[PDB]
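Structural overview
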Amino acid sequence: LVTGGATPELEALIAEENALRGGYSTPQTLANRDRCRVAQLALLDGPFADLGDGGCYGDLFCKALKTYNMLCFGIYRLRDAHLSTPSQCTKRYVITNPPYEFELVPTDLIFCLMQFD
Amino acid sequence: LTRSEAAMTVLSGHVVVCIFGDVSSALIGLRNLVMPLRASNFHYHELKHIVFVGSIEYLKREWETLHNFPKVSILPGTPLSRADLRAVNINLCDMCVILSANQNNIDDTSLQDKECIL
């Protein structure tokens, strides 16, 4: 998840020469790119904006998974979003695997796994 | 011999001496190894080529004693690097001698042959 899909064959190729060697593109080589990446998506301007205003997190998860094959596993939420008074602190904290009934706010980020396009 | 020209040169039935040495490392007497290999009772066609794989900074300290021998080559590199070993035709050599040229290492005794074992 964290290194970028390091593979034993790539390990051996590095170990042989202690460097990365360039390679001409081939269909099997170009098919190695099709793997997920970690990203953060905003709920302000997007297809999921309708779910931003008080919608359930589970609905967002299911919709993203069905439509874009996008796996959402966490919420990056403003620290003072729960407070009634407005604040200038832009610090956000992490919520891991929110339940189905969790309520979203428009000022949230979603941890997602994006399929290559 | 750089990697490319060492690969271009063909080495068969030779001797590869892999040494782990630095500028401040103790001087093992490499003449005591090459000299018995050039003993004048071997015909000149029977002499074995000797290629030293190691730091050139270390081998500069001993070339003043090794420069008077017929066929000696040096490949600046590391004995633990497979690129140099493949460039020097390690699979075609008559002998590979892995020397602990950094014998002056003072540590736990068992961790004194770590480089040779690796």
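Residues numbered from 1 in each chain as written, not as in the entry; some residues may be left out. Chains lettered and ligands numbered in written order. Part of a larger assembly, values for the part shown. Heavy atoms only, no water.

This entry lists cryo-EM as its structure determination method and reports a resolution of 3.3 Å.

1. Notes on the overall build of chain A
Tallying secondary structure elements over chain A gives four helices and four strands in all. Reading chain A from its N terminus to its C terminus gives the helix and strand order α-α-β-α-α-β-β-β. The globule rule puts the C-alpha radius of gyration for 117 residues at 13 Å, and the 19 Å found for chain A is more than 25% above it. Taken along the three principal axes of its C-alpha coordinates, chain A extends 60 × 30 × 25 Å. Residues counted as buried form 23% of the 117 residues belonging to chain A. Considering only contacts in chain A between residues 6 or more positions apart, those separated by 24 or more positions represent 64%. When the accessible surface of chain A is totalled, it reaches about 8600 Å², and 57% of it is carbon and sulfur. Between the averaged position of the 10 positive side-chain charges in chain A and that of its 14 negative side-chain charges there is a distance of 3 Å. (Helix = DSSP H or I, 4+ residues; strand = E, 2+ residues; numbered from the N terminus. Rg over C-alpha atoms; globule rule 2.2 N^0.38 Å. Buried < 20%, exposed > 50% of the residue type's maximum accessible area, 1.4 Å probe, protein only. Contact = heavy atoms within 4.5 Å. Areas by Shrake-Rupley, 256 points an atom, 1.4 Å probe, with all protein chains shown as cover. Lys, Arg positive; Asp, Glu negative; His and termini not counted. Charge placed at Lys NZ, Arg CZ, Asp CG, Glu CD.)

2. Describing the layout of surface pockets
Residues and elements named next belong to chain A. Size it by volume and the largest pocket reaches roughly 650 Å³. Contributing elements (two or more residues each) for the lining of the largest pocket: helix 1 (8–17) and helix 2 (27–30). Per-element accounting of the lining of the largest pocket gives the leading share, five residues, to helix 1. Each residue belonging to the lining of the largest pocket can be placed in one class, and the counts come to seven nonpolar, nine polar and four charged. (1 Å grid on protein atoms, 1.4 Å probe; cavity = no way out; pocket = protein on both sides within 12 Å on 5 of 7 lines; lining within 4 Å. Points joined across faces, edges and corners; volume = space filled by probe spheres on them. Nonpolar A, V, L, I, M, F, W, Y, C, P; charged D, E, K, R; others polar.)

3. Description of the sheet that holds strand 1 (residues 37–42) of chain A
All names here are of chain A. One open sheet holds the four strands; their spatial order is 1-4-2-3, and the pairing between them is antiparallel. Both edges of this open sheet fall to strand 1 and strand 3 (92–96), since each of them pairs with a single strand only. For this sheet, the mean inter-axis angle between neighbouring strands, taken without regard to orientation, is 30 degrees. Here strand 1 runs beside strand 4 (residues 108–114); their pairing, made up of six bridges, is antiparallel. Note on strand 4: the bridge partner recorded for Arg37 is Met114. Docked against the sheet, helix 4 (residues 57–68) engages strand 2 (71–78) and strand 4, running at close to 135 degrees with respect to strand 2. (Pairing = 2+ DSSP bridges. Axes fitted to C-alpha atoms, helices over the stretch in contact; angles between N-to-C directions.)

4. Structural notes on the environment of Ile90 of chain B
Residues and elements named next belong to chain B. Along the chain, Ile90 falls in the loop between helix 5 (82–87) and strand 4 (95–99). Residues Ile90 and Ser4, 86 residues apart in the sequence, show an inter-C-alpha distance of 15 Å. If we ignore the near neighbours within four places in the chain, the residues touching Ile90 are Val16, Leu85 and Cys96.

5. Regarding empty space enclosed by the protein
Rolled over the atoms, a probe as big as a water molecule pinpoints where empty space is left. A complete count under the given rule lists one cavity of 30 Å³ or more for this structure. The computed volume of the largest cavity comes to approximately 30 Å³. Of the residues assigned to the lining of the largest cavity, the class counts are one nonpolar, five polar and two charged.

6. Digging into the sheet that holds strand 1 (residues 15–19) of chain B
Each strand in a sheet pairs with its neighbour through backbone hydrogen bonds, running either in the same direction (parallel) or in the opposite one (antiparallel). Residue and element names in this part refer to chain B. One open sheet holds the four strands; their spatial order is 3-2-1-4, and the pairing between them is parallel. At either margin of the open sheet sits one strand with a lone partner, and together these are strand 3 (72–76) and strand 4. Neighbouring strand axes in the sheet, compared pairwise and without regard to direction, differ in orientation by 20 degrees on average.

7. Here's the deal with the pairing of strand 2 of chain A
Residues and elements named next belong to chain A. Pairing analysis gives six bridges linking strand 2 to strand 4, with the strands arranged antiparallel. Bridging from a neighbouring strand, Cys72 pairs with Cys112 of strand 4. Relative to strand 3, strand 2 runs antiparallel, the two being bridged by five bridges. Among the inter-strand pairings, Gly74 is bridged to a residue of strand 3, identified as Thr96.

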